[PDB]
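Shown below: final_7.pdb, with PDB, C-alpha atoms.
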ATOM      1  CA  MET A   1     124.554  80.541 183.619
ATOM      2  CA  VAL A   2     124.525  80.842 187.422
ATOM      3  CA  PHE A   3     127.482  78.454 187.427
ATOM      4  CA  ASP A   4     129.664  80.719 185.258
ATOM      5  CA  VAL A   5     129.272  83.524 187.778
ATOM      6  CA  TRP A   6     129.792  81.236 190.801
ATOM      7  CA  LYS A   7     132.970  79.736 189.368
ATOM      8  CA  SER A   8     134.259  83.201 188.354
ATOM      9  CA  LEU A   9     133.781  84.592 191.864
ATOM     10  CA  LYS A  10     135.781  81.680 193.249
ATOM     11  CA  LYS A  11     138.659  82.421 190.848
ATOM     12  CA  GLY A  12     138.850  85.957 192.154
ATOM     13  CA  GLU A  13     137.157  87.315 189.051
ATOM     14  CA  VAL A  14     134.812  90.010 190.309
ATOM     15  CA  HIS A  15     133.608  92.570 187.802
ATOM     16  CA  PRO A  16     132.502  96.193 188.363
ATOM     17  CA  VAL A  17     128.955  95.704 186.973
ATOM     18  CA  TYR A  18     126.528  92.741 187.086
ATOM     19  CA  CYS A  19     122.982  92.416 185.899
ATOM     20  CA  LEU A  20     121.235  89.466 187.489
ATOM     21  CA  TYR A  21     117.808  88.796 186.001
ATOM     22  CA  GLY A  22     115.151  86.106 185.662
ATOM     23  CA  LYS A  23     112.335  84.967 187.895
ATOM     24  CA  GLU A  24     114.209  82.272 189.806
ATOM     25  CA  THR A  25     114.676  84.538 192.812
ATOM     26  CA  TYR A  26     116.408  81.894 194.911
ATOM     27  CA  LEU A  27     119.362  81.834 192.513
ATOM     28  CA  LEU A  28     119.399  85.617 192.353
ATOM     29  CA  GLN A  29     119.553  85.608 196.150
ATOM     30  CA  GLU A  30     122.210  82.933 196.327
ATOM     31  CA  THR A  31     124.390  84.772 193.767
ATOM     32  CA  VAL A  32     124.067  88.152 195.477
ATOM     33  CA  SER A  33     125.122  86.369 198.653
ATOM     34  CA  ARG A  34     128.202  84.836 197.011
ATOM     35  CA  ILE A  35     129.175  88.215 195.611
ATOM     36  CA  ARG A  36     128.821  89.750 199.076
ATOM     37  CA  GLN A  37     130.935  87.006 200.680
ATOM     38  CA  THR A  38     133.501  87.802 198.005
ATOM     39  CA  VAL A  39     133.763  91.615 198.311
ATOM     40  CA  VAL A  40     132.456  92.601 201.761
ATOM     41  CA  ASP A  41     134.259  92.199 205.098
ATOM     42  CA  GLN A  42     131.997  91.968 208.124
ATOM     43  CA  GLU A  43     134.114  94.505 210.044
ATOM     44  CA  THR A  44     133.332  97.214 207.463
ATOM     45  CA  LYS A  45     129.967  96.014 206.092
ATOM     46  CA  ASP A  46     128.169  99.081 207.468
ATOM     47  CA  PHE A  47     130.416 101.250 205.303
ATOM     48  CA  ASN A  48     131.060  99.179 202.188
ATOM     49  CA  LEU A  49     127.679  97.610 201.495
ATOM     50  CA  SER A  50     124.572  99.404 200.278
ATOM     51  CA  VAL A  51     121.228  98.066 199.132
ATOM     52  CA  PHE A  52     118.633 100.101 197.260
ATOM     53  CA  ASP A  53     115.137  99.261 195.980
ATOM     54  CA  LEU A  54     114.143 101.322 192.942
ATOM     55  CA  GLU A  55     110.485 100.836 193.874
ATOM     56  CA  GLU A  56     111.065 103.379 196.644
ATOM     57  CA  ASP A  57     114.656 104.697 196.479
ATOM     58  CA  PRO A  58     116.352 107.242 194.176
ATOM     59  CA  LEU A  59     118.751 105.927 191.544
ATOM     60  CA  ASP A  60     121.050 108.905 192.053
ATOM     61  CA  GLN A  61     121.862 107.903 195.638
ATOM     62  CA  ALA A  62     122.830 104.402 194.493
ATOM     63  CA  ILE A  63     125.157 105.966 191.923
ATOM     64  CA  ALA A  64     126.574 108.443 194.453
ATOM     65  CA  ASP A  65     127.338 105.497 196.725
ATOM     66  CA  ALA A  66     128.939 103.599 193.850
ATOM     67  CA  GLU A  67     131.219 106.545 193.209
ATOM     68  CA  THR A  68     132.458 106.665 196.806
ATOM     69  CA  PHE A  69     135.811 105.089 197.675
ATOM     70  CA  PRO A  70     135.570 102.009 199.865
ATOM     71  CA  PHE A  71     136.154 102.729 203.503
ATOM     72  CA  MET A  72     139.011 100.788 205.063
ATOM     73  CA  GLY A  73     138.453  98.117 202.443
ATOM     74  CA  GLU A  74     139.516  97.252 198.905
ATOM     75  CA  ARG A  75     136.037  97.212 197.411
ATOM     76  CA  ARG A  76     132.525  98.501 197.922
ATOM     77  CA  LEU A  77     129.309  96.607 197.074
ATOM     78  CA  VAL A  78     126.240  98.437 195.804
ATOM     79  CA  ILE A  79     123.022  96.533 195.185
ATOM     80  CA  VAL A  80     120.174  98.033 193.191
ATOM     81  CA  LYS A  81     116.926  96.055 193.123
ATOM     82  CA  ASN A  82     113.936  96.292 190.757
ATOM     83  CA  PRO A  83     114.880  98.314 187.656
ATOM     84  CA  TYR A  84     111.316  97.978 186.307
ATOM     85  CA  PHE A  85     112.150 100.519 183.613
ATOM     86  CA  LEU A  86     114.203  97.720 182.001
ATOM     87  CA  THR A  87     110.882  96.003 181.183
ATOM     88  CA  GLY A  88     107.927  97.253 179.139
ATOM     89  CA  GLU A  89     105.491  97.693 182.037
ATOM     90  CA  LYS A  90     103.178 100.675 182.635
ATOM     91  CA  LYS A  91     105.564 103.505 183.507
ATOM     92  CA  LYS A  92     102.973 105.807 185.112
ATOM     93  CA  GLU A  93     102.702 104.068 188.499
ATOM     94  CA  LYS A  94     106.095 104.549 190.201
ATOM     95  CA  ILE A  95     109.155 106.817 190.610
ATOM     96  CA  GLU A  96     110.514 108.498 187.470
ATOM     97  CA  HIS A  97     114.206 107.626 187.770
ATOM     98  CA  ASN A  98     117.363 109.072 186.227
ATOM     99  CA  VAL A  99     118.126 106.242 183.800
ATOM    100  CA  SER A 100     120.637 108.316 181.796
ATOM    101  CA  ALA A 101     122.931 108.719 184.813
ATOM    102  CA  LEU A 102     122.851 104.944 185.267
ATOM    103  CA  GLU A 103     123.725 104.385 181.592
ATOM    104  CA  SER A 104     126.617 106.782 182.140
ATOM    105  CA  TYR A 105     127.737 104.911 185.257
ATOM    106  CA  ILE A 106     127.767 101.386 183.782
ATOM    107  CA  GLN A 107     129.619 102.740 180.754
ATOM    108  CA  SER A 108     132.325 104.138 183.038
ATOM    109  CA  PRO A 109     131.899 102.522 186.466
ATOM    110  CA  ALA A 110     133.990 103.031 189.604
ATOM    111  CA  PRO A 111     136.809 100.471 189.625
ATOM    112  CA  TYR A 112     136.606 100.066 193.401
ATOM    113  CA  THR A 113     132.865  99.344 193.377
ATOM    114  CA  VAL A 114     130.973  96.190 192.489
ATOM    115  CA  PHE A 115     127.577  97.383 191.218
ATOM    116  CA  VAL A 116     124.810  94.757 190.973
ATOM    117  CA  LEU A 117     121.452  95.263 189.287
ATOM    118  CA  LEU A 118     118.997  92.687 190.585
ATOM    119  CA  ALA A 119     116.110  92.594 188.098
ATOM    120  CA  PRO A 120     113.667  89.778 188.913
ATOM    121  CA  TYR A 121     111.920  89.826 185.517
ATOM    122  CA  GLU A 122     111.805  87.136 182.845
ATOM    123  CA  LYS A 123     112.848  89.439 180.057
ATOM    124  CA  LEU A 124     114.393  92.853 179.603
ATOM    125  CA  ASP A 125     113.281  95.126 176.761
ATOM    126  CA  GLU A 126     116.013  94.794 174.152
ATOM    127  CA  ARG A 127     114.857  97.999 172.464
ATOM    128  CA  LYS A 128     115.795 100.148 175.481
ATOM    129  CA  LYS A 129     119.044 102.102 175.383
ATOM    130  CA  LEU A 130     119.898 100.987 178.925
ATOM    131  CA  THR A 131     119.306  97.346 178.106
ATOM    132  CA  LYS A 132     121.724  97.638 175.206
ATOM    133  CA  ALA A 133     124.221  99.291 177.548
ATOM    134  CA  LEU A 134     123.976  96.428 180.065
ATOM    135  CA  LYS A 135     124.430  93.683 177.477
ATOM    136  CA  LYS A 136     127.688  95.409 176.499
ATOM    137  CA  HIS A 137     129.055  96.629 179.860
ATOM    138  CA  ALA A 138     127.499  94.351 182.497
ATOM    139  CA  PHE A 139     128.125  90.685 183.313
ATOM    140  CA  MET A 140     124.640  89.402 182.489
ATOM    141  CA  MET A 141     123.349  86.361 184.335
ATOM    142  CA  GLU A 142     119.957  84.844 183.798
ATOM    143  CA  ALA A 143     118.336  82.783 186.557
ATOM    144  CA  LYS A 144     115.343  81.391 184.706
ATOM    145  CA  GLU A 145     112.645  79.089 185.998
ATOM    146  CA  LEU A 146     113.396  75.584 184.815
ATOM    147  CA  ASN A 147     111.271  72.777 183.503
ATOM    148  CA  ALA A 148     111.722  69.186 184.610
ATOM    149  CA  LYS A 149     114.564  68.404 182.193
ATOM    150  CA  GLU A 150     116.431  71.659 182.834
ATOM    151  CA  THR A 151     116.078  71.020 186.554
ATOM    152  CA  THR A 152     117.907  67.697 186.181
ATOM    153  CA  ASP A 153     120.856  69.299 184.336
ATOM    154  CA  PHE A 154     120.985  72.035 186.956
ATOM    155  CA  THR A 155     121.221  69.333 189.662
ATOM    156  CA  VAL A 156     123.955  67.467 187.801
ATOM    157  CA  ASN A 157     125.988  70.632 187.323
ATOM    158  CA  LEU A 158     125.385  71.671 190.906
ATOM    159  CA  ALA A 159     127.161  68.541 192.211
ATOM    160  CA  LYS A 160     130.217  69.494 190.139
ATOM    161  CA  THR A 161     130.529  72.810 191.990
ATOM    162  CA  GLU A 162     131.227  70.755 195.133
ATOM    163  CA  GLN A 163     133.725  68.491 193.306
ATOM    164  CA  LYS A 164     131.246  65.618 193.301
ATOM    165  CA  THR A 165     129.166  63.964 190.599
ATOM    166  CA  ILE A 166     125.620  62.652 190.309
ATOM    167  CA  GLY A 167     124.244  60.434 187.551
ATOM    168  CA  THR A 168     121.066  61.435 185.739
ATOM    169  CA  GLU A 169     118.936  58.725 187.374
ATOM    170  CA  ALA A 170     119.988  59.791 190.902
ATOM    171  CA  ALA A 171     119.471  63.433 189.945
ATOM    172  CA  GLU A 172     116.033  62.844 188.455
ATOM    173  CA  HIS A 173     114.987  61.036 191.599
ATOM    174  CA  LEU A 174     116.233  63.878 193.787
ATOM    175  CA  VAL A 175     114.274  66.388 191.723
ATOM    176  CA  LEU A 176     111.152  64.219 192.071
ATOM    177  CA  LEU A 177     111.533  63.949 195.858
ATOM    178  CA  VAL A 178     111.707  67.669 196.494
ATOM    179  CA  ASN A 179     109.079  68.495 193.886
ATOM    180  CA  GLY A 180     111.513  70.471 191.751
ATOM    181  CA  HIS A 181     112.254  73.338 194.193
ATOM    182  CA  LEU A 182     115.759  74.644 193.398
ATOM    183  CA  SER A 183     116.324  75.775 196.978
ATOM    184  CA  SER A 184     115.572  72.211 198.126
ATOM    185  CA  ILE A 185     117.780  70.679 195.455
ATOM    186  CA  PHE A 186     120.627  72.985 196.510
ATOM    187  CA  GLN A 187     120.146  72.082 200.136
ATOM    188  CA  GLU A 188     119.939  68.314 199.503
ATOM    189  CA  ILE A 189     122.913  68.320 197.115
ATOM    190  CA  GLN A 190     125.047  70.018 199.825
ATOM    191  CA  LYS A 191     123.898  67.435 202.353
ATOM    192  CA  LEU A 192     124.622  64.632 199.900
ATOM    193  CA  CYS A 193     128.104  65.915 199.043
ATOM    194  CA  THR A 194     128.974  65.920 202.761
ATOM    195  CA  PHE A 195     127.280  62.556 203.357
ATOM    196  CA  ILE A 196     129.264  60.559 200.800
ATOM    197  CA  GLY A 197     132.549  61.649 202.400
ATOM    198  CA  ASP A 198     135.592  60.636 200.352
ATOM    199  CA  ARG A 199     133.432  59.166 197.616
ATOM    200  CA  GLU A 200     133.019  61.121 194.393
ATOM    201  CA  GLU A 201     129.626  59.995 193.123
ATOM    202  CA  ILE A 202     126.222  60.573 194.679
ATOM    203  CA  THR A 203     124.413  57.287 193.917
ATOM    204  CA  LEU A 204     120.657  56.724 193.604
ATOM    205  CA  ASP A 205     120.928  54.727 196.830
ATOM    206  CA  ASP A 206     122.494  57.769 198.595
ATOM    207  CA  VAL A 207     119.573  59.910 197.419
ATOM    208  CA  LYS A 208     116.928  57.434 198.568
ATOM    209  CA  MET A 209     118.468  56.795 201.960
ATOM    210  CA  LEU A 210     119.238  60.382 202.864
ATOM    211  CA  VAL A 211     116.570  62.537 201.176
ATOM    212  CA  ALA A 212     113.026  62.505 202.538
ATOM    213  CA  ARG A 213     110.095  62.856 200.136
ATOM    214  CA  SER A 214     108.710  66.334 200.799
ATOM    215  CA  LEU A 215     105.255  66.825 202.364
ATOM    216  CA  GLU A 216     104.204  68.764 199.267
ATOM    217  CA  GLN A 217     105.378  65.936 197.030
ATOM    218  CA  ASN A 218     103.511  63.460 199.243
ATOM    219  CA  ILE A 219     100.326  65.544 198.851
ATOM    220  CA  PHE A 220     100.798  65.545 195.078
ATOM    221  CA  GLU A 221     101.196  61.763 195.070
ATOM    222  CA  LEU A 222      98.287  61.223 197.408
ATOM    223  CA  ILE A 223      96.126  63.004 194.849
ATOM    224  CA  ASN A 224      97.485  60.921 191.972
ATOM    225  CA  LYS A 225      96.754  57.691 193.805
ATOM    226  CA  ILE A 226      93.244  58.811 194.664
ATOM    227  CA  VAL A 227      92.186  59.981 191.203
ATOM    228  CA  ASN A 228      93.676  56.708 189.874
ATOM    229  CA  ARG A 229      91.531  54.464 192.119
ATOM    230  CA  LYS A 230      94.631  53.031 193.850
ATOM    231  CA  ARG A 231      92.852  52.599 197.187
ATOM    232  CA  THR A 232      95.527  51.120 199.432
ATOM    233  CA  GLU A 233      98.504  52.996 197.936
ATOM    234  CA  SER A 234      96.760  56.251 198.836
ATOM    235  CA  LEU A 235      95.554  55.067 202.247
ATOM    236  CA  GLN A 236      99.190  54.216 202.929
ATOM    237  CA  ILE A 237     100.391  57.678 201.891
ATOM    238  CA  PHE A 238      97.852  59.351 204.163
ATOM    239  CA  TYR A 239      98.680  57.087 207.109
ATOM    240  CA  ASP A 240     102.422  57.785 206.824
ATOM    241  CA  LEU A 241     101.713  61.515 207.036
ATOM    242  CA  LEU A 242      99.757  61.097 210.283
ATOM    243  CA  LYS A 243     102.356  58.614 211.513
ATOM    244  CA  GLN A 244     105.152  61.189 211.196
ATOM    245  CA  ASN A 245     102.841  63.529 213.113
ATOM    246  CA  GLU A 246     101.724  65.936 210.413
ATOM    247  CA  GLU A 247      98.703  67.881 211.645
ATOM    248  CA  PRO A 248      95.427  67.007 209.865
ATOM    249  CA  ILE A 249      94.725  70.716 209.512
ATOM    250  CA  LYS A 250      98.071  71.281 207.760
ATOM    251  CA  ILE A 251      97.616  68.265 205.508
ATOM    252  CA  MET A 252      94.201  69.641 204.587
ATOM    253  CA  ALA A 253      95.510  73.109 203.755
ATOM    254  CA  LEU A 254      98.113  71.660 201.371
ATOM    255  CA  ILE A 255      95.500  69.399 199.755
ATOM    256  CA  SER A 256      93.337  72.510 199.435
ATOM    257  CA  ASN A 257      96.186  74.535 197.874
ATOM    258  CA  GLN A 258      96.772  71.821 195.264
ATOM    259  CA  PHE A 259      93.106  71.476 194.340
ATOM    260  CA  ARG A 260      92.787  75.235 193.953
ATOM    261  CA  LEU A 261      95.874  75.130 191.728
ATOM    262  CA  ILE A 262      94.418  72.334 189.589
ATOM    263  CA  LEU A 263      91.162  74.248 189.085
ATOM    264  CA  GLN A 264      93.034  77.451 188.081
ATOM    265  CA  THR A 265      95.389  75.596 185.760
ATOM    266  CA  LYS A 266      92.497  73.671 184.138
ATOM    267  CA  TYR A 267      90.612  76.943 183.614
ATOM    268  CA  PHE A 268      93.504  78.638 181.805
ATOM    269  CA  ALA A 269      94.659  75.483 179.969
ATOM    270  CA  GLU A 270      91.202  75.084 178.423
ATOM    271  CA  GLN A 271      91.604  78.501 176.809
ATOM    272  CA  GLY A 272      94.838  77.351 175.185
ATOM    273  CA  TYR A 273      97.246  79.045 177.601
ATOM    274  CA  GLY A 274     100.478  77.121 178.130
ATOM    275  CA  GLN A 275     102.486  76.028 181.172
ATOM    276  CA  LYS A 276     104.527  79.215 180.586
ATOM    277  CA  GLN A 277     101.789  81.869 180.720
ATOM    278  CA  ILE A 278      99.882  80.089 183.481
ATOM    279  CA  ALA A 279     102.891  80.032 185.792
ATOM    280  CA  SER A 280     103.436  83.758 185.355
ATOM    281  CA  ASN A 281      99.716  84.527 185.702
ATOM    282  CA  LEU A 282      99.515  82.415 188.881
ATOM    283  CA  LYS A 283     102.969  83.345 190.147
ATOM    284  CA  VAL A 284     103.650  79.621 190.557
ATOM    285  CA  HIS A 285     106.802  77.841 189.370
ATOM    286  CA  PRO A 286     106.262  76.242 185.918
ATOM    287  CA  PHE A 287     107.515  72.898 187.293
ATOM    288  CA  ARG A 288     104.557  72.763 189.676
ATOM    289  CA  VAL A 289     102.149  74.200 187.077
ATOM    290  CA  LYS A 290     103.064  71.347 184.697
ATOM    291  CA  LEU A 291     102.114  68.761 187.318
ATOM    292  CA  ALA A 292      98.834  70.543 188.101
ATOM    293  CA  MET A 293      98.082  70.609 184.373
ATOM    294  CA  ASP A 294      98.530  66.818 184.245
ATOM    295  CA  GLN A 295      96.245  66.320 187.209
ATOM    296  CA  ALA A 296      93.645  68.779 185.891
ATOM    297  CA  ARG A 297      93.036  66.442 182.941
ATOM    298  CA  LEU A 298      91.837  63.768 185.341
ATOM    299  CA  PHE A 299      89.092  65.862 187.001
ATOM    300  CA  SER A 300      86.019  67.653 185.726
ATOM    301  CA  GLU A 301      85.431  71.295 186.538
ATOM    302  CA  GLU A 302      82.382  70.253 188.568
ATOM    303  CA  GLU A 303      84.326  67.709 190.644
ATOM    304  CA  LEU A 304      87.006  70.273 191.436
ATOM    305  CA  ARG A 305      84.436  72.831 192.574
ATOM    306  CA  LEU A 306      82.802  70.237 194.857
ATOM    307  CA  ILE A 307      86.148  69.082 196.221
ATOM    308  CA  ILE A 308      87.205  72.645 196.897
ATOM    309  CA  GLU A 309      83.981  73.484 198.783
ATOM    310  CA  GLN A 310      84.208  70.222 200.764
ATOM    311  CA  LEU A 311      87.675  71.339 201.843
ATOM    312  CA  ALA A 312      86.520  74.827 202.889
ATOM    313  CA  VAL A 313      83.811  73.226 204.989
ATOM    314  CA  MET A 314      86.380  70.898 206.557
ATOM    315  CA  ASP A 315      88.646  73.839 207.311
ATOM    316  CA  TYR A 316      85.795  75.458 209.222
ATOM    317  CA  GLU A 317      84.740  72.264 211.004
ATOM    318  CA  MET A 318      88.353  71.742 212.085
ATOM    319  CA  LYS A 319      89.098  75.314 213.185
ATOM    320  CA  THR A 320      85.864  75.709 215.145
ATOM    321  CA  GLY A 321      84.355  73.338 217.689
ATOM    322  CA  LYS A 322      85.406  69.806 218.558
ATOM    323  CA  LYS A 323      85.100  67.306 215.741
ATOM    324  CA  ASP A 324      87.636  64.493 215.311
ATOM    325  CA  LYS A 325      90.084  66.164 212.907
ATOM    326  CA  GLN A 326      91.673  62.959 211.579
ATOM    327  CA  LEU A 327      88.201  61.470 211.188
ATOM    328  CA  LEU A 328      87.031  64.467 209.157
ATOM    329  CA  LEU A 329      90.006  63.870 206.865
ATOM    330  CA  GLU A 330      89.421  60.113 206.703
ATOM    331  CA  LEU A 331      85.796  60.653 205.620
ATOM    332  CA  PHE A 332      86.814  63.202 202.961
ATOM    333  CA  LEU A 333      89.462  60.922 201.480
ATOM    334  CA  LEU A 334      87.054  57.964 201.576
ATOM    335  CA  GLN A 335      84.370  59.996 199.773
ATOM    336  CA  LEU A 336      86.985  60.811 197.091
ATOM    337  CA  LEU A 337      87.844  57.123 196.730
ATOM    338  CA  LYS A 338      84.265  55.915 196.213
ATOM    339  CA  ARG A 339      83.442  58.918 194.019
TER     340      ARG A 339
END
Entire entry expressed as structure tokens:
Amino acid sequence: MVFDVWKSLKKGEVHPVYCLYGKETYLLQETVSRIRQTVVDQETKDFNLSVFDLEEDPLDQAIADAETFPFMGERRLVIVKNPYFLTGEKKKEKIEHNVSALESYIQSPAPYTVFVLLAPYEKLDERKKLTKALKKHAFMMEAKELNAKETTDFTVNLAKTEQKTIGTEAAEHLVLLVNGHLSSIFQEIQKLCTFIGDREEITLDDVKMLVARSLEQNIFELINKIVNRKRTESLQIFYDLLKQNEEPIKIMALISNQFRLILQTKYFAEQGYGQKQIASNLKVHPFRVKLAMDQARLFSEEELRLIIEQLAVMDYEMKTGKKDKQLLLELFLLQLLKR
């Protein structure tokens, strides 16, 4: 897990070869950053840090760097992004790398180098020689996209890394408020750990007082309330947005993005595709795809198409000429509530 690596780095356990994979790029990024903070010194970072992207860079140069002594430092850091040849994708499109030299390197790596493969794919091809070599010689870490329940456990465990705790109710509420984004959970957990001072436990009350419901979560909820005929609850959500000075045009764009998502999700769901395949097809986090799937059940295809076109018209009427922007939005939302 991400936590195994993070805890290891803090104990001074830094290994010569890592393979960080999975589609949760934020955790890949955060981990690469912690490894950097561990091995690189700012005074020598020009000399002891190298980043390559195998989409455009030669593997051999990354290896030649890895085999160079650190310069006025104890360790060197070499980062190698996008080993697409670890997957089963169409191999004709890009650079034809020297995989065998890489296999050789990870099997006998330079003791003074920390070599990190950053492979933002869900799955590596287990049949590939190099994949087998990594599972043996590299510290493998998967940063997968989480569902609702997994996201709660992640939040609970995250608090522990700061020597605090958070109960499952408080954690579930936090995850709800930030609409499941891990980057937001990480941020809010750090704020909460500081906030509670000497106290050990982040309470549900701490979460509610400190953590603001995200705009994107508000948009989601506004749409729930509307499709559920809860007239005042949804008028209240909309008002609060305006009242904290969100721009009507921005509110509209987010509403538009969600309705487009619902239509797409409904389209693929009705062909039997699951939360899993839809997220990867749409390049949207499964957490957010699940919610769109739930909402898609409450609208017909024809409604969604109408709603979407209404929003494109509003976008144009707002961007061009002088119509009352808030009024345009009021009318739209009122139409939705009668209809």
Q: Run through the PyMOL selection byres ((chain A and resi 55) around 8) on the given coordinates and return the selected residues as a list in words.
A: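 For this structure, the PyMOL selection byres ((chain A and resi 55) around 8) captures residues 53, 54, 56, 57, 82, 94 and 95 of chain A.
Residues matched by the PyMOL selection byres ((chain A and resi 38) around 12) in this file are residues 5, 6, 7, 8, 9, 10, 11, 12, 13, 14, 15, 31, 32, 33, 34, 35, 36, 37, 39, 40, 41, 42, 49, 74, 75, 76, 77 and 114 of chain A.
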Decode the PyMOL selection byres ((chain A and resi 241) around 12) for the given file into explicit residues and return them as a PDB file with C-alpha atoms, keeping the file's coordinate frame.
ATOM      1  CA  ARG A 213     110.095  62.856 200.136  1.00  0.00           C
ATOM      2  CA  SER A 214     108.710  66.334 200.799  1.00  0.00           C
ATOM      3  CA  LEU A 215     105.255  66.825 202.364  1.00  0.00           C
ATOM      4  CA  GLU A 216     104.204  68.764 199.267  1.00  0.00           C
ATOM      5  CA  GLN A 217     105.378  65.936 197.030  1.00  0.00           C
ATOM      6  CA  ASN A 218     103.511  63.460 199.243  1.00  0.00           C
ATOM      7  CA  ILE A 219     100.326  65.544 198.851  1.00  0.00           C
ATOM      8  CA  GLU A 221     101.196  61.763 195.070  1.00  0.00           C
ATOM      9  CA  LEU A 222      98.287  61.223 197.408  1.00  0.00           C
ATOM     10  CA  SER A 234      96.760  56.251 198.836  1.00  0.00           C
ATOM     11  CA  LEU A 235      95.554  55.067 202.247  1.00  0.00           C
ATOM     12  CA  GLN A 236      99.190  54.216 202.929  1.00  0.00           C
ATOM     13  CA  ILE A 237     100.391  57.678 201.891  1.00  0.00           C
ATOM     14  CA  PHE A 238      97.852  59.351 204.163  1.00  0.00           C
ATOM     15  CA  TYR A 239      98.680  57.087 207.109  1.00  0.00           C
ATOM     16  CA  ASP A 240     102.422  57.785 206.824  1.00  0.00           C
ATOM     17  CA  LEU A 242      99.757  61.097 210.283  1.00  0.00           C
ATOM     18  CA  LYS A 243     102.356  58.614 211.513  1.00  0.00           C
ATOM     19  CA  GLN A 244     105.152  61.189 211.196  1.00  0.00           C
ATOM     20  CA  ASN A 245     102.841  63.529 213.113  1.00  0.00           C
ATOM     21  CA  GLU A 246     101.724  65.936 210.413  1.00  0.00           C
ATOM     22  CA  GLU A 247      98.703  67.881 211.645  1.00  0.00           C
ATOM     23  CA  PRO A 248      95.427  67.007 209.865  1.00  0.00           C
ATOM     24  CA  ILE A 249      94.725  70.716 209.512  1.00  0.00           C
ATOM     25  CA  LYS A 250      98.071  71.281 207.760  1.00  0.00           C
ATOM     26  CA  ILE A 251      97.616  68.265 205.508  1.00  0.00           C
ATOM     27  CA  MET A 252      94.201  69.641 204.587  1.00  0.00           C
ATOM     28  CA  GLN A 326      91.673  62.959 211.579  1.00  0.00           C
ATOM     29  CA  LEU A 329      90.006  63.870 206.865  1.00  0.00           C
TER      30      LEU A 329
END
Q) Pick from A:59, A:308, A:79, A:66: nearest to residue 19 in chain A, with all atoms listed in the file counted? A)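 Ranking A:59, A:308, A:79, A:66 by distance to residue 19 in chain A, first place goes to A:79.
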Q | Residue neighbourhood residue 184 in chain A, 12 Å, all atoms listed in the file, exclusion window fewer than 2 positions, as a list in words | A | residues 26, 27, 151, 155, 174, 175, 176, 177, 178, 179, 180, 181, 182, 186, 187, 188, 189, 190, 191, 192, 211, 212, 213, 214 and 216 of chain A
Q) Quick one: distance from CA of residue 58 in chain A to CA of residue 103 in chain A in Å, one decimal? A)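 Between CA of residue 58 in chain A and CA of residue 103 in chain A the gap works out to 14.9 Å.
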Q | Coordinates-based distance that separates CA of residue 203 in chain A from CA of residue 156 in chain A (Å, one decimal) | A |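 Interatomic distance here is 11.9 Å.
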Q) What is the distance between CA of residue 47 in chain A and CA of residue 70 in chain A, in Å to one decimal? A) 7.5 Å
Q: Counting all atoms listed in the file, figure out which residue out of A:199, A:261, A:208, A:158 gets nearest to residue 220 in chain A.
A: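 Among the listed residues, A:261 lies closest to residue 220 in chain A.
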Q: Write out as a list in words which residues come within 12 Å of residue 277 in chain A when counting all atoms listed in the file, dropping same-chain ones fewer than 4 positions away.
A: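 The filter keeps residues 122, 265, 268, 269, 271, 272, 273, 281, 282, 283, 284, 285, 286, 289 and 290 of chain A.
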(Q) Considering all atoms listed in the file, can you say which of A:233, A:301, A:172, A:89 comes closest to residue 264 in chain A? (A) A:301
Q: Pick out the closest residue to residue 228 in chain A from this set: A:297, A:137, A:276, A:23. Count only C-alpha atoms.
A: A:297
Q: Kindly provide, as a PyMOL selection string, the polymer residues lying within 12 Å of (86.1, 72.8, 192.1), counting all atoms listed in the file and using the coordinates exactly as they appear in the file.
A: chain A and resi 256-267+296+299-312
Give me the box for range 228-247 of chain A as JSON, namely the centre and edge lengths in Å to one decimal of a box along x, y and z that holds every listed atom plus 3 Å on each side.
{"center_x": 98.3, "center_y": 59.5, "center_z": 201.5, "size_x": 19.6, "size_y": 22.8, "size_z": 29.2}
Using only C-alpha atoms, find all polymer residues with an atom at most 9 Å away from the point (126.3, 80.9, 183.1); report them as a PDB file with C-alpha atoms, in the frame of the given file.
ATOM      1  CA  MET A   1     124.554  80.541 183.619  1.00  0.00           C
ATOM      2  CA  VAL A   2     124.525  80.842 187.422  1.00  0.00           C
ATOM      3  CA  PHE A   3     127.482  78.454 187.427  1.00  0.00           C
ATOM      4  CA  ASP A   4     129.664  80.719 185.258  1.00  0.00           C
ATOM      5  CA  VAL A   5     129.272  83.524 187.778  1.00  0.00           C
ATOM      6  CA  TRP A   6     129.792  81.236 190.801  1.00  0.00           C
ATOM      7  CA  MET A 140     124.640  89.402 182.489  1.00  0.00           C
ATOM      8  CA  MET A 141     123.349  86.361 184.335  1.00  0.00           C
ATOM      9  CA  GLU A 142     119.957  84.844 183.798  1.00  0.00           C
ATOM     10  CA  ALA A 143     118.336  82.783 186.557  1.00  0.00           C
TER      11      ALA A 143
END
Q. Looking at only C-alpha atoms, which of A:210, A:278, A:63, A:196 is the one that sits closest to residue 104 in chain A?
A.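 Residue with the minimum atom-to-atom distance to residue 104 in chain A: A:63.
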Q.
Nearest residue to residue 84 in chain A out of A:105, A:21, A:69, A:112, using only C-alpha atoms?
A.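 Nearest candidate to residue 84 in chain A out of A:105, A:21, A:69, A:112: A:21.
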